[PDB]
file target_36.txt (compact mmCIF, C-alpha atoms and all ligand atoms)
# COMPACT_ATOMS: atom_id res chain seq x y z
CA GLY N 3 -15.70 -21.30 -3.73
CA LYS N 4 -13.02 -19.61 -2.17
CA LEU N 5 -12.87 -20.60 1.52
CA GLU N 6 -13.22 -24.19 0.36
CA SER N 7 -10.33 -23.93 -2.11
CA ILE N 8 -8.11 -22.39 0.57
CA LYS N 9 -8.84 -25.34 2.87
CA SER N 10 -8.22 -27.79 -0.02
CA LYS N 11 -4.82 -26.24 -0.86
CA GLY N 12 -4.01 -26.08 2.87
CA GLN N 13 -2.59 -22.60 2.37
CA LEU N 14 -3.70 -18.95 2.18
CA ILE N 15 -1.84 -17.01 -0.52
CA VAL N 16 -1.59 -13.30 0.24
CA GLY N 17 -0.13 -10.54 -1.92
CA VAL N 18 1.99 -8.14 0.13
CA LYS N 19 4.46 -5.35 -0.59
CA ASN N 20 8.17 -5.96 -0.03
CA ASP N 21 9.48 -2.41 0.40
CA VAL N 22 7.42 -0.77 3.17
CA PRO N 23 9.19 -0.52 6.54
CA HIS N 24 7.03 -1.68 9.47
CA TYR N 25 4.27 -2.95 7.13
CA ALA N 26 5.92 -5.42 4.76
CA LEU N 27 9.66 -5.18 4.18
CA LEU N 28 11.94 -7.91 2.88
CA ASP N 29 14.63 -8.79 5.40
CA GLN N 30 17.26 -9.83 2.91
CA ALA N 31 19.37 -11.61 5.54
CA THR N 32 16.55 -14.13 6.04
CA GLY N 33 14.67 -13.96 2.71
CA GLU N 34 11.43 -13.16 4.55
CA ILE N 35 9.01 -10.24 4.24
CA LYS N 36 8.24 -8.89 7.72
CA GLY N 37 5.86 -6.32 9.13
CA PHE N 38 2.41 -5.39 10.36
CA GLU N 39 0.62 -6.38 7.16
CA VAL N 40 2.35 -9.75 7.15
CA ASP N 41 1.27 -10.28 10.77
CA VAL N 42 -2.34 -9.44 9.83
CA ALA N 43 -2.10 -11.90 6.94
CA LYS N 44 -0.85 -14.57 9.35
CA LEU N 45 -3.76 -13.88 11.71
CA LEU N 46 -6.18 -14.37 8.81
CA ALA N 47 -4.47 -17.66 7.85
CA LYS N 48 -4.78 -18.79 11.47
CA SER N 49 -8.46 -17.85 11.44
CA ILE N 50 -9.18 -19.87 8.27
CA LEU N 51 -6.70 -22.80 8.56
CA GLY N 52 -5.96 -22.97 12.31
CA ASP N 53 -2.24 -22.32 11.79
CA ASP N 54 -0.41 -19.05 11.04
CA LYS N 55 2.34 -20.95 9.19
CA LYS N 56 -0.18 -22.05 6.50
CA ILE N 57 0.43 -18.94 4.44
CA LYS N 58 2.37 -18.04 1.31
CA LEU N 59 3.40 -14.46 0.64
CA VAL N 60 3.63 -13.17 -2.91
CA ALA N 61 5.31 -9.80 -3.47
CA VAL N 62 3.08 -7.37 -5.39
CA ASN N 63 3.05 -3.70 -6.25
CA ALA N 64 0.30 -1.26 -7.26
CA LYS N 65 0.47 -2.47 -10.88
CA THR N 66 0.71 -6.23 -10.32
CA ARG N 67 -1.60 -6.78 -7.36
CA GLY N 68 -4.83 -6.41 -9.37
CA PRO N 69 -3.92 -8.91 -12.10
CA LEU N 70 -2.79 -11.48 -9.53
CA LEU N 71 -6.12 -11.15 -7.73
CA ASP N 72 -7.98 -11.24 -11.10
CA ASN N 73 -6.42 -14.53 -12.19
CA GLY N 74 -6.62 -16.19 -8.77
CA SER N 75 -2.89 -16.38 -8.16
CA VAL N 76 -3.41 -14.78 -4.71
CA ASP N 77 -6.48 -15.21 -2.47
CA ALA N 78 -6.26 -11.78 -0.82
CA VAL N 79 -4.12 -8.68 -1.02
CA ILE N 80 -2.91 -6.90 2.11
CA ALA N 81 -0.60 -4.41 0.43
CA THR N 82 -1.34 -0.78 1.31
CA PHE N 83 -4.37 -1.06 -0.99
CA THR N 84 -6.28 2.21 -0.68
CA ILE N 85 -10.06 1.93 -0.53
CA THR N 86 -11.79 4.14 -3.09
CA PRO N 87 -15.34 4.11 -4.54
CA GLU N 88 -13.93 3.40 -8.01
CA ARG N 89 -11.93 0.42 -6.74
CA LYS N 90 -14.85 -0.95 -4.72
CA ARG N 91 -16.65 -1.50 -8.06
CA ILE N 92 -13.84 -3.81 -9.14
CA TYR N 93 -12.77 -5.58 -5.90
CA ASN N 94 -14.13 -6.31 -2.47
CA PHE N 95 -12.45 -4.35 0.34
CA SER N 96 -12.74 -5.04 4.05
CA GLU N 97 -13.32 -2.20 6.42
CA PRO N 98 -10.03 -0.37 6.96
CA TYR N 99 -7.33 -1.96 9.14
CA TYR N 100 -5.04 1.10 9.03
CA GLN N 101 -4.66 4.57 7.51
CA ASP N 102 -1.78 6.69 6.24
CA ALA N 103 -1.50 9.86 4.16
CA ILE N 104 0.17 10.92 0.93
CA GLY N 105 3.45 12.80 1.11
CA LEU N 106 6.19 14.25 -1.05
CA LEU N 107 9.82 13.05 -1.15
CA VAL N 108 12.19 15.62 -2.61
CA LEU N 109 15.93 16.22 -2.81
CA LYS N 110 17.15 18.45 0.00
CA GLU N 111 18.95 20.64 -2.56
CA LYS N 112 15.65 21.91 -4.06
CA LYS N 113 15.01 23.77 -0.79
CA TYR N 114 11.28 23.19 -1.10
CA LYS N 115 9.52 24.00 2.19
CA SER N 116 5.98 22.93 1.18
CA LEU N 117 3.89 22.16 -1.89
CA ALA N 118 3.39 25.93 -2.30
CA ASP N 119 7.04 26.19 -3.45
CA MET N 120 6.61 23.58 -6.16
CA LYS N 121 4.95 25.43 -9.07
CA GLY N 122 5.94 23.68 -12.31
CA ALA N 123 7.32 20.63 -10.52
CA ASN N 124 7.36 17.31 -12.34
CA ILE N 125 6.04 14.84 -9.76
CA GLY N 126 6.79 11.13 -10.14
CA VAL N 127 3.95 8.78 -9.29
CA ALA N 128 3.23 5.07 -9.75
CA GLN N 129 1.03 3.60 -12.43
CA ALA N 130 -2.14 2.26 -10.89
CA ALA N 131 -1.72 4.31 -7.66
CA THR N 132 -4.17 6.85 -6.17
CA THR N 133 -1.49 9.48 -6.01
CA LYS N 134 -1.85 11.51 -9.19
CA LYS N 135 -5.51 12.32 -8.53
CA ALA N 136 -4.83 13.27 -4.90
CA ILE N 137 -1.79 15.48 -5.50
CA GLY N 138 -3.42 17.14 -8.47
CA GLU N 139 -6.28 18.18 -6.22
CA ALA N 140 -3.94 19.28 -3.40
CA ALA N 141 -2.08 21.43 -5.90
CA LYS N 142 -5.29 22.89 -7.32
CA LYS N 143 -6.48 23.85 -3.82
CA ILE N 144 -3.42 26.06 -3.28
CA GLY N 145 -3.39 27.44 -6.83
CA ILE N 146 -0.31 25.87 -8.34
CA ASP N 147 0.22 23.89 -11.51
CA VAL N 148 2.23 20.69 -11.42
CA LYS N 149 2.94 17.99 -13.99
CA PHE N 150 3.20 14.26 -13.57
CA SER N 151 5.43 11.45 -14.76
CA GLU N 152 4.09 7.92 -14.31
CA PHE N 153 6.30 4.88 -13.51
CA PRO N 154 5.72 1.12 -13.31
CA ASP N 155 7.25 0.69 -9.81
CA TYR N 156 8.66 2.64 -6.88
CA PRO N 157 12.39 1.95 -7.31
CA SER N 158 12.20 3.59 -10.75
CA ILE N 159 10.72 6.77 -9.25
CA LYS N 160 13.48 6.95 -6.66
CA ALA N 161 16.06 6.52 -9.44
CA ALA N 162 14.32 9.30 -11.40
CA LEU N 163 14.44 11.56 -8.34
CA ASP N 164 18.16 10.95 -7.82
CA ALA N 165 18.81 11.63 -11.54
CA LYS N 166 16.65 14.80 -11.37
CA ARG N 167 14.31 13.44 -14.06
CA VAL N 168 11.51 14.27 -11.64
CA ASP N 169 11.40 16.99 -8.95
CA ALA N 170 9.46 14.93 -6.41
CA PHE N 171 8.35 11.38 -5.70
CA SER N 172 4.83 11.29 -4.29
CA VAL N 173 3.00 8.39 -2.63
CA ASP N 174 1.78 7.31 0.81
CA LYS N 175 4.30 8.35 3.48
CA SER N 176 4.42 4.73 4.66
CA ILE N 177 5.98 3.85 1.32
CA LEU N 178 8.16 6.96 1.04
CA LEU N 179 9.83 5.90 4.31
CA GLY N 180 11.11 2.90 2.31
CA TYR N 181 12.94 5.24 -0.11
CA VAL N 182 14.06 8.37 1.79
CA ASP N 183 17.82 8.73 2.27
CA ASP N 184 20.39 11.32 3.38
CA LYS N 185 20.08 13.42 0.16
CA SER N 186 16.28 13.54 0.31
CA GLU N 187 13.50 14.49 2.69
CA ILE N 188 9.82 13.87 3.16
CA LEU N 189 8.05 17.23 3.44
CA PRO N 190 5.95 17.82 6.55
CA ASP N 191 2.86 18.35 4.33
CA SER N 192 0.24 15.59 4.52
CA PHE N 193 -2.38 15.08 1.84
CA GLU N 194 -5.39 12.79 1.23
CA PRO N 195 -5.58 10.11 3.94
CA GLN N 196 -5.32 6.59 2.52
CA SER N 197 -7.44 3.93 4.23
CA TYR N 198 -6.17 0.39 3.65
CA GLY N 199 -8.42 -2.68 3.32
CA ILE N 200 -7.96 -6.38 2.74
CA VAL N 201 -8.87 -6.95 -0.89
CA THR N 202 -10.48 -10.03 -2.48
CA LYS N 203 -11.80 -10.81 -5.95
CA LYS N 204 -15.46 -9.89 -6.48
CA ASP N 205 -16.14 -13.54 -7.37
CA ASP N 206 -17.09 -14.61 -3.87
CA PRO N 207 -19.51 -12.94 -1.43
CA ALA N 208 -18.88 -15.53 1.30
CA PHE N 209 -15.15 -14.86 1.36
CA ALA N 210 -15.73 -11.08 1.31
CA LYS N 211 -18.01 -11.45 4.34
CA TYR N 212 -15.49 -13.64 6.13
CA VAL N 213 -12.71 -11.14 5.59
CA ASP N 214 -14.83 -8.12 6.55
CA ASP N 215 -16.00 -9.89 9.71
CA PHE N 216 -12.38 -10.80 10.50
CA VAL N 217 -11.24 -7.19 10.48
CA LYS N 218 -14.18 -6.17 12.71
CA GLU N 219 -13.96 -9.07 15.14
CA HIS N 220 -10.17 -9.02 15.46
CA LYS N 221 -9.88 -5.22 15.61
CA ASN N 222 -8.17 -5.30 19.03
CA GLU N 223 -5.62 -7.89 17.96
CA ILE N 224 -4.94 -5.94 14.74
CA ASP N 225 -4.52 -2.68 16.66
CA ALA N 226 -2.08 -4.40 19.06
CA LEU N 227 -0.10 -5.63 16.05
CA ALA N 228 0.07 -2.06 14.73
CA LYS N 229 1.56 -1.00 18.08
CA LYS N 230 4.12 -3.83 18.07
CA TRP N 231 5.34 -2.58 14.69
CA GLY N 232 5.55 1.06 15.83
CA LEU N 233 2.37 2.10 14.06
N1 LIG O 1 -1.79 3.09 -1.36
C1 LIG O 1 -1.65 3.56 -2.76
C2 LIG O 1 -0.21 3.32 -3.28
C3 LIG O 1 0.22 1.86 -3.23
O1 LIG O 1 -0.44 1.06 -2.57
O2 LIG O 1 1.25 1.49 -3.84
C4 LIG O 1 -2.67 2.94 -3.67
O3 LIG O 1 -3.47 2.10 -3.20
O4 LIG O 1 -2.71 3.29 -4.85
ZN ZN O 2 10.94 3.14 10.78
ZN ZN O 3 -12.55 -14.71 13.76

call {"tool": "encode", "arguments": {"input": "target_36.txt", "output": "structure tokens", "more": "lines below"}}
Ligand SMILES: N[C@@H](CC(=O)O)C(=O)O
Ligand SMILES: [Zn+2]
Ligand SMILES: [Zn+2]
result
Amino acid sequence: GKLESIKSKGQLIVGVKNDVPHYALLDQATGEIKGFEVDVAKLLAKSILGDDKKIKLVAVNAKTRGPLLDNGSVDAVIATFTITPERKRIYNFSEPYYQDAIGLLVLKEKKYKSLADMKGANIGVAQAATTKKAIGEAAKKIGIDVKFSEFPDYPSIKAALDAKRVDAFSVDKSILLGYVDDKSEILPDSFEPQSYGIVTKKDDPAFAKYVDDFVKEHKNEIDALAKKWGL
């Protein structure tokens, strides 16, 4: 299995985001995705193959990352993949390497000050993301009703926000920072913390152990990488 196939290919294939500043953001001038998560991926490649250059990055989103893991087209996913009990039944997750929290991105012209001002709001969320469940509960805890519109990817939610087809775009603040602009704002409110793990197909206990041990045993190096990226 899986460590052996990686050695045989001579390459670790990792699914990463391409739109998250400081974590994994495509630098279009160089055609390379750069950030903390990419640096963690390179450290894992170095651990397995002895060389951080022996890696291939595949851009994924919340919808596509699962299927690419399922069919073996990536070996691991390091792509803001929130650990949840439901997801742990489907995939293996390492212990967390970082944590963020869900936020709300809204047009400045709405003059929303907090979620409490958003009764009746249509909130745009991604298909396959944790967001709908978390914001629903946040809203219920302060006694307001909201509705949701689901989208296949993040650029489409931002376009919906700009067109006023939704009243807010909700997801991890890490991701919202990749979409905020002069006409919009991320509210100060923070919601359910999102703990991110390195995700592997449930195929292979040995590889899951390797990856979990990696996060634990390279914790200091990973934390230093977070600092280098401003995290
Ligand atoms: N972190 C969130 C959103 C995302 O990764 O796109 C999730 O795992 O659903
Ligand atoms: Zn920044
Ligand atoms: Zn090690």

call {"tool": "residues_near_ligand", "arguments": {"input": "target_36.txt", "ligand": "ligand ZN 2 (chain O)", "cutoff": "10 Å", "atoms": "only C-alpha atoms and all ligand atoms", "output": "MDAnalysis selection string"}}
result
chainID N and resid 22:25 176 179:180 231:233

call {"tool": "closest_atom_pairs", "arguments": {"input": "target_36.txt", "of": "chain N", "to": "ligand LIG 1 (chain O)", "cutoff": "9 Å", "atoms": "all atoms listed in the file", "output": "tab-separated table"}}
result
residue	atom	partner	partner_atom	distance
N:19	CA	O:LIG1	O2	8.2
N:63	CA	O:LIG1	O2	6.0
N:64	CA	O:LIG1	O2	4.5
N:65	CA	O:LIG1	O2	8.1
N:81	CA	O:LIG1	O1	6.2
N:82	CA	O:LIG1	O1	4.4
N:83	CA	O:LIG1	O3	4.0
N:84	CA	O:LIG1	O3	3.8
N:85	CA	O:LIG1	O3	7.1
N:86	CA	O:LIG1	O3	8.6
N:102	CA	O:LIG1	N1	8.4
N:103	CA	O:LIG1	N1	8.7
N:104	CA	O:LIG1	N1	8.4
N:128	CA	O:LIG1	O2	7.2
N:129	CA	O:LIG1	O4	8.5
N:130	CA	O:LIG1	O4	6.2
N:131	CA	O:LIG1	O4	3.1
N:132	CA	O:LIG1	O4	4.1
N:133	CA	O:LIG1	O4	6.4
N:155	CA	O:LIG1	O2	8.5
N:156	CA	O:LIG1	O2	8.1
N:173	CA	O:LIG1	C2	6.0
N:174	CA	O:LIG1	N1	5.9
N:176	CA	O:LIG1	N1	8.8
N:177	CA	O:LIG1	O2	7.4
N:196	CA	O:LIG1	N1	6.3
N:197	CA	O:LIG1	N1	8.0
N:198	CA	O:LIG1	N1	7.2

call {"tool": "residues_near_ligand", "arguments": {"input": "target_36.txt", "ligand": "ligand ZN 3 (chain O)", "cutoff": "8 Å", "atoms": "all atoms listed in the file", "output": "list in words"}}
result
residues 49, 215, 216, 219 and 220 of chain N

call {"tool": "residues_near_point", "arguments": {"input": "target_36.txt", "point": "(22.9, 11.8, -1.4)", "cutoff": "9 Å", "atoms": "only C-alpha atoms", "output": "count of residues only"}}
result
7

call {"tool": "closest_residue", "arguments": {"input": "target_36.txt", "among": "N:120, N:71, N:125, N:27", "to": "residue 145 of chain N", "atoms": "all atoms listed in the file"}}
result
N:120

call {"tool": "closest_residue", "arguments": {"input": "target_36.txt", "among": "N:92, N:60, N:80, N:136", "to": "residue 172 of chain N", "atoms": "only C-alpha atoms"}}
result
N:136

call {"tool": "atom_distance", "arguments": {"input": "target_36.txt", "atom1": "atom CA of residue 121 of chain N", "atom2": "atom CA of residue 182 of chain N"}}
result
22.2 Å

call {"tool": "atom_distance", "arguments": {"input": "target_36.txt", "atom1": "atom CA of residue 48 of chain N", "atom2": "atom CA of residue 77 of chain N"}}
result
14.5 Å

call {"tool": "residues_near_point", "arguments": {"input": "target_36.txt", "point": "(-6.2, -13.1, -1.9)", "cutoff": "7 Å", "atoms": "only C-alpha atoms", "output": "number ranges by chain"}}
result
N: 15-17, 71, 76-79, 201-202

call {"tool": "closest_residue", "arguments": {"input": "target_36.txt", "among": "N:70, N:8, N:165, N:14", "to": "residue 56 of chain N", "atoms": "only C-alpha atoms"}}
result
N:14
